[PDB]
Amino acid sequence: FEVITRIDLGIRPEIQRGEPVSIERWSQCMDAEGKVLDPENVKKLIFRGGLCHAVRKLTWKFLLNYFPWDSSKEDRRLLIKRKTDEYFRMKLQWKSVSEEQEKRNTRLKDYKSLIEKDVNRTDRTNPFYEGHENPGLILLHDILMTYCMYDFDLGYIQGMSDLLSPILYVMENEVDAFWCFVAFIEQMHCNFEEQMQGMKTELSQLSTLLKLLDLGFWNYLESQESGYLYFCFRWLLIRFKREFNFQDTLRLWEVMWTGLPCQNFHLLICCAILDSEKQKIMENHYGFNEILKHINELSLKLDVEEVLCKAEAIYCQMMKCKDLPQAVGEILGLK
């Protein structure tokens, strides 16, 4: 990819972020039948400004494909009844397993133990999941176990509880959170498969983008044998959840789930975060262990909307570049 030396990315444009969607604004977007008037427009609005927390319960169901965009209120009433029966049907499958039975099913037994390890260790500082006997933690367990019946090949992989946690918090319904969680995992599903590709593929795509953006930073990582980027693993896997506040995570996910501006936006978000730290890493001659240390110290110290601006800015800077390597163009979906 030495075509990147003869390329030029001139100027990073300034991005104007915008304002979150109010209850008022959403009401204009929904029809009297309950239909979303212009779903592509809605996505445009959610992308720049995000969503206010009140409307977040209903709108997330659309973003996460639980509620189809072309659907009406009557469509939904029938849909919810179907999804609910289907949910408790599956829940019964793990919940009716006996003590004798569980010993003789090792993969279920093992999934079950991973869930308990991860659920009792989850955001215990957050008011939803903190309590003597917390209802939310029980739902966390139940929703995850039911997912193992839904997809048994996948079952549970550590970190999936961190992915469900915000969704349950917004939804507050066991069934609703489940089906939203399902859709959230399906887009990423490759990441969690036994041989993790899409953790590898996404990390490869990330390296390809960084090669074009800062070539020297890419080379320095190769010098330290950090070229495959494992300091970004937790970023991509948990979708930055560990790197932001709960309320922060909610906005970051909202904006991403619109699927704008390009096909993989989360990769540019990695670039946006890394862009500011490029010098500090190279100057100090860190190396892998020290780099992981520097990035771990970025946690909770990051500004969401600065990140979302840089990420969008890098996209504009790229799409406006007329000569672009096809390798990069395919990742963003410009080809």
# chains A, B, ... in the order shown; residues from 1 in each chain; ligands from 1
call {"tool": "residues_around", "arguments": {"residues": "residue A:121", "least_positions_apart": "2", "cutoff": "12 Å", "atoms": "only C-alpha atoms", "output": "ChimeraX atom specification"}}
result
/A:114-119,123-126,129-130,137,140-141,158-159,161-162,165
call {"tool": "residues_around", "arguments": {"residues": "residue A:294", "least_positions_apart": "6", "cutoff": "9 Å", "atoms": "only C-alpha atoms", "output": "list in words"}}
result
residues 277, 281 and 286 of chain A
call {"tool": "residues_around", "arguments": {"residues": "residue A:248", "least_positions_apart": "2", "cutoff": "12 Å", "atoms": "only C-alpha atoms", "output": "count of residues only"}}
result
28
call {"tool": "select_by_dssp", "arguments": {"residues": "stretch 22-157 of chain A", "states": "alpha helix (DSSP H)", "output": "MDAnalysis selection string"}}
result
chainID A and resid 23:29 39:49 56:63 73:95 99:103 106:119 135:150
call {"tool": "closest_atom_pairs", "arguments": {"of": "stretch 7-62 of chain A", "to": "stretch 68-92 of chain A", "cutoff": "8 Å", "atoms": "only C-alpha atoms", "output": "CSV"}}
result
residue,atom,partner,partner_atom,distance
A:33,CA,A:72,CA,5.7
A:34,CA,A:72,CA,4.8
A:35,CA,A:72,CA,4.6
A:36,CA,A:69,CA,6.1
A:39,CA,A:69,CA,6.3
A:62,CA,A:68,CA,6.1
call {"tool": "atom_distance", "arguments": {"atom1": "atom CA of residue A:225", "atom2": "atom CA of residue A:6"}}
result
25.5 Å
call {"tool": "residues_around", "arguments": {"residues": "residue A:182", "least_positions_apart": "3", "cutoff": "10 Å", "atoms": "only C-alpha atoms", "output": "JSON, numbers by chain"}}
result
{"A": [64, 65, 66, 143, 144, 147, 150, 151, 164, 177, 178, 179, 185, 186, 187, 189]}
call {"tool": "write_last_selection", "arguments": {"atoms": "C-alpha atoms", "output": "mmCIF file, in the first residue's frame"}}
result
data_model
loop_
_atom_site.group_PDB
_atom_site.id
_atom_site.type_symbol
_atom_site.label_atom_id
_atom_site.label_comp_id
_atom_site.auth_asym_id
_atom_site.auth_seq_id
_atom_site.Cartn_x
_atom_site.Cartn_y
_atom_site.Cartn_z
ATOM 1 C CA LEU A 64 -32.059 -1.826 16.929
ATOM 2 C CA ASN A 65 -34.595 -3.236 14.435
ATOM 3 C CA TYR A 66 -37.004 -4.506 17.107
ATOM 4 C CA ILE A 143 -31.904 -12.404 29.127
ATOM 5 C CA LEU A 144 -28.417 -13.826 28.594
ATOM 6 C CA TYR A 147 -29.935 -15.907 24.333
ATOM 7 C CA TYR A 150 -31.660 -18.597 20.768
ATOM 8 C CA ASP A 151 -28.121 -19.099 19.464
ATOM 9 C CA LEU A 164 -26.624 -5.994 27.148
ATOM 10 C CA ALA A 177 -34.158 -5.833 25.893
ATOM 11 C CA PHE A 178 -33.709 -9.392 24.665
ATOM 12 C CA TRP A 179 -34.731 -8.798 21.059
ATOM 13 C CA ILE A 185 -25.101 -9.073 18.483
ATOM 14 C CA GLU A 186 -26.115 -10.085 14.945
ATOM 15 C CA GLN A 187 -24.341 -7.118 13.312
ATOM 16 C CA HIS A 189 -21.696 -11.811 15.435
#
call {"tool": "residues_around", "arguments": {"residues": "residue A:239", "least_positions_apart": "4", "cutoff": "9 Å", "atoms": "only C-alpha atoms", "output": "ChimeraX atom specification"}}
result
/A:163,234-235,243,249,253,266
call {"tool": "write_last_selection", "arguments": {"atoms": "N, CA and C atoms", "output": "CSV table (one decimal), in the first residue's frame"}}
result
chain,number,residue,atom,x,y,z
A,163,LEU,N,-22.4,-5.5,26.9
A,163,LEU,CA,-23.2,-5.1,25.7
A,163,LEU,C,-24.7,-5.0,26.0
A,234,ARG,N,-10.4,-4.2,23.4
A,234,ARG,CA,-11.4,-3.9,24.3
A,234,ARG,C,-12.3,-2.8,23.7
A,235,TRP,N,-11.7,-1.8,23.0
A,235,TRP,CA,-12.5,-0.8,22.3
A,235,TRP,C,-13.5,-1.4,21.4
A,243,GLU,N,-14.7,2.6,27.9
A,243,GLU,CA,-14.0,3.8,27.8
A,243,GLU,C,-14.8,5.1,28.0
A,249,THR,N,-22.0,6.5,26.8
A,249,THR,CA,-22.1,5.3,26.0
A,249,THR,C,-23.4,5.2,25.2
A,253,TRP,N,-23.6,5.0,21.1
A,253,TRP,CA,-24.2,3.9,20.5
A,253,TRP,C,-25.4,4.3,19.6
A,266,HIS,N,-17.4,2.9,13.5
A,266,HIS,CA,-16.7,2.6,14.8
A,266,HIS,C,-15.2,2.6,14.5
call {"tool": "residues_around", "arguments": {"residues": "stretch 7-11 of chain A", "least_positions_apart": "5", "cutoff": "9 Å", "atoms": "only C-alpha atoms", "output": "PyMOL selection string"}}
result
chain A and resi 212-213+317-318+320-321+323-325
call {"tool": "closest_residue", "arguments": {"among": "A:156, A:60, A:1, A:233", "to": "residue A:206", "atoms": "only C-alpha atoms"}}
result
A:233
call {"tool": "residues_around", "arguments": {"residues": "residue A:12", "least_positions_apart": "6", "cutoff": "9 Å", "atoms": "only C-alpha atoms", "output": "number ranges by chain"}}
result
A: 310, 313-314, 316-317
call {"tool": "write_last_selection", "arguments": {"atoms": "N, CA and C atoms", "output": "compact mmCIF listing (two decimals), in the first residue's frame"}}
result
# COMPACT_ATOMS: atom_id res chain seq x y z
N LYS A 310 -14.38 14.43 15.41
CA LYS A 310 -13.17 13.98 14.72
C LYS A 310 -13.47 12.81 13.79
N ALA A 313 -15.24 14.06 10.84
CA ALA A 313 -14.31 14.87 10.08
C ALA A 313 -13.36 14.03 9.22
N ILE A 314 -12.88 12.92 9.78
CA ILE A 314 -12.01 12.01 9.05
C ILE A 314 -12.75 11.40 7.86
N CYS A 316 -15.23 12.88 6.11
CA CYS A 316 -15.36 13.92 5.10
C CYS A 316 -14.03 14.12 4.40
N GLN A 317 -12.96 14.09 5.17
CA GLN A 317 -11.63 14.28 4.63
C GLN A 317 -11.31 13.18 3.62
call {"tool": "closest_residue", "arguments": {"among": "A:270, A:256, A:58, A:262", "to": "residue A:176", "atoms": "only C-alpha atoms"}}
result
A:58
call {"tool": "closest_residue", "arguments": {"among": "A:271, A:16, A:127, A:193", "to": "residue A:211", "atoms": "only C-alpha atoms"}}
result
A:271
call {"tool": "closest_residue", "arguments": {"among": "A:327, A:272, A:232, A:282", "to": "residue A:3", "atoms": "only C-alpha atoms"}}
result
A:327
